[PDB]
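S.K.: just dropping in an experimental structure and the matching sequence.
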Amino acid sequence: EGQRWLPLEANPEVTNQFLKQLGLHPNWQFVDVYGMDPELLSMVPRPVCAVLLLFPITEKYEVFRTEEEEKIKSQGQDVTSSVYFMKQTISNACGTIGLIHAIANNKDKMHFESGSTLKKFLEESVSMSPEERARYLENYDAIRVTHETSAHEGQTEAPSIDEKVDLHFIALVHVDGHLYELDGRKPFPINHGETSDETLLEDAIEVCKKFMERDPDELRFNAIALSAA
Amino acid sequence: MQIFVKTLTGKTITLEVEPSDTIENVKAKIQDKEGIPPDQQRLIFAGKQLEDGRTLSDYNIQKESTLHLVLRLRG
Ligand SMILES: *NC[C@H](*)CC(=O)OC
Ligand SMILES: [Mg+2]
Ligand SMILES: [Mg+2]
Ligand SMILES: [Mg+2]
């Protein structure tokens, strides 16, 4: 529908408030990830059911994304039917899409308020295709409004809606024994190998490391973990 | 004295500071070295979030301590 939204801040306070407003109870809460070594990862509460990674969508990154897409289309990969994937068709909605991917793929572990708007979105879109889900989001006012409100929160001031954004959010989740990167800009989830309920954080961080070493001149990365509380 | 600030990517930024320096001052020093605006910075010491108004001494941050820097970026 051509709409443009504002980019969300990679901040647990912002994301946790967004989830609260969408009707999710707080026994799952995002937390910051301070580093990638065992000592810093040990500070992250367990279990962890999703990791949202903010990274730079630079020219170097796009070259890799293009290669990755062709490789997967030409060589194939496995993607279980259980995975909930939705496309991105709204500019700057990546934060909302990342949050939807994180909750949708862990829905049975969540505690929702009776009239939770996120629960409603997920129940109504459960059997829709990734494309239909994107169209549905384009018409789902409740999430559009909450995203807008959340976009104004944070340590930083929200930018103009027309300003260039070169940072993106993706979700890393564990579904049926594999680690999936869910990026609405891509044509499909990306299977990154095996993982488990207990090692999701560590395995997701190894993928984050890959993103970083591909763009050695960039420091603009942020990872938040959806942890039990 | 020197303290080290580590980013998520693992980069170590070395700063020359004083116990009396406020967190705000430390962030400004990080901006001068890395170009990262203070607003986008969230500093951590031993698992504790640091607030702009307090000083390194307040948090008992001594010589050669390592702080962790989280970036409040918008995606
Ligand atoms: N941070 C906004 C979502 C990512 C994006 O802009 O995709 C181009
Ligand atoms: Mg609620
Ligand atoms: Mg605990
Ligand atoms: Mg369920």
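M.R.: Okay, I see it. Residues are numbered from 1 along each chain as shown, chains lettered A, B, ... in the order given. Ligands and ions are numbered 1, 2, ... in the order given.
S.K.: going by C-alpha atoms from here, please, whenever you check contacts or count neighbours.
M.R.: Will do.
S.K.: residues near residue A:132, how many?
M.R.: 14 (other Cα atoms under 10 Å in any protein chain shown).
S.K.: from ligand 2, how far out is it?
M.R.: 26 Å (Cα to the ion, to the nearest Å).
S.K.: please save the CA atoms from whatever helix or strand that residue lives in in CSV.
M.R.: Taking DSSP states H and E as the criterion, residue A:132 maps to helix A:130-138. C-alpha atoms of helix A:130-138 as CSV (Å, rounded to 0.1, in the frame of the first residue of the first chain):
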residue,chain,number,x,y,z
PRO,A,130,4.3,-15.0,3.6
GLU,A,131,3.0,-12.6,1.0
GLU,A,132,-0.6,-12.6,2.3
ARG,A,133,0.8,-11.9,5.8
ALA,A,134,2.6,-8.8,4.5
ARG,A,135,-0.6,-7.6,2.9
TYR,A,136,-2.5,-8.3,6.1
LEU,A,137,0.0,-6.2,8.1
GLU,A,138,-0.5,-3.3,5.6
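S.K.: from the middle of its chain, how far away would it be?
M.R.: 16 Å (Cα atoms, centre = their mean, to the nearest Å).
S.K.: give me the contacts around it.
M.R.: Contact with helix A:130-138 is made by A:1, A:3, A:84, A:85, A:86, A:87, A:88, A:89, A:90, A:125, A:143, A:144, as judged by Cα atoms under 8 Å, 6 or more residues apart in numbering or on different chains.
S.K.: let's see 7 Å
M.R.: A:1, A:85, A:86, A:87, A:88, A:89, A:125 (Cα atoms under 7 Å, 6 or more residues apart in numbering or on different chains).
S.K.: and for stretch A:146-166?
M.R.: A:4-9, A:11, A:14, A:18, A:21, A:56-58, A:96, B:39-40, B:72.
S.K.: go again using 6 Å as the cut-off
M.R.: Counting contacts by Cα atoms under 6 Å, 6 or more residues apart in numbering or on different chains, the residues outside stretch A:146-166 that touch it are A:6, A:8, A:56, A:57, B:39.
S.K.: could you check how far the closest residue to ligand 1 within chain B is from ligand 4?
M.R.: For chain B and ligand 1, the shortest gap (Cα to the nearest ligand atom) falls at residue B:75, measuring 2.4 Å. In this structure, residue B:75 and ligand 4 are 28 Å apart, going by Cα to the ion.
S.K.: tell me how far that residue lies from ligand 2.
M.R.: Distance from residue B:75 to ligand 2, by Cα to the ion: 24 Å.
S.K.: ditto for residue B:11
M.R.: The value you get for residue B:11 to ligand 2, if Cα to the ion is used, is 38 Å.
S.K.: the most centrally placed residue in chain A: which element?
M.R.: With distances taken as Cα atoms, centre = their mean, chain A has residue A:98 as the residue nearest its mean C-alpha position (2.4 Å). Per DSSP H and E, residue A:98 falls inside helix A:94-104.
S.K.: what's the answer for residue B:44, then?
M.R.: strand B:41-45.
S.K.: hmm, back to that, hmm, residue A:170 and the residue of chain B closest to ligand 1 touching each other?
M.R.: No: counting by Cα atoms under 6 Å, residue B:75 does not reach residue A:170; the two are 9.6 Å apart.
S.K.: what is the burial count for the nearest residue in space to residue A:114 that is not next to it in sequence?
M.R.: Leaving aside its chain neighbours, residue A:114 sits nearest to residue A:23 (8.0 Å; criterion: Cα to Cα, 6 or more residues apart in numbering or on different chains). By other Cα under 10 Å, the residues close to residue A:23 number 19.
S.K.: and for residue B:36?
M.R.: 17.
S.K.: count the residues that sit near the closest residue to it other than its chain neighbours.
M.R.: With Cα to Cα, 6+ apart as the criterion, residue B:36 has its nearest non-adjacent residue at 6.8 Å, and that residue is residue B:30. Look at residue B:30: counted by other Cα under 10 Å, it has 20 neighbours.
S.K.: what does residue A:107 give?
M.R.: Neighbours of residue A:107 (other Cα under 10 Å): 15.
S.K.: show me what contacts residue A:84?
M.R.: residue A:105.
S.K.: on that earlier part again, who touches the residue of chain B closest to ligand 1 in this structure?
M.R.: A:7, A:8, A:167, A:168, A:169.
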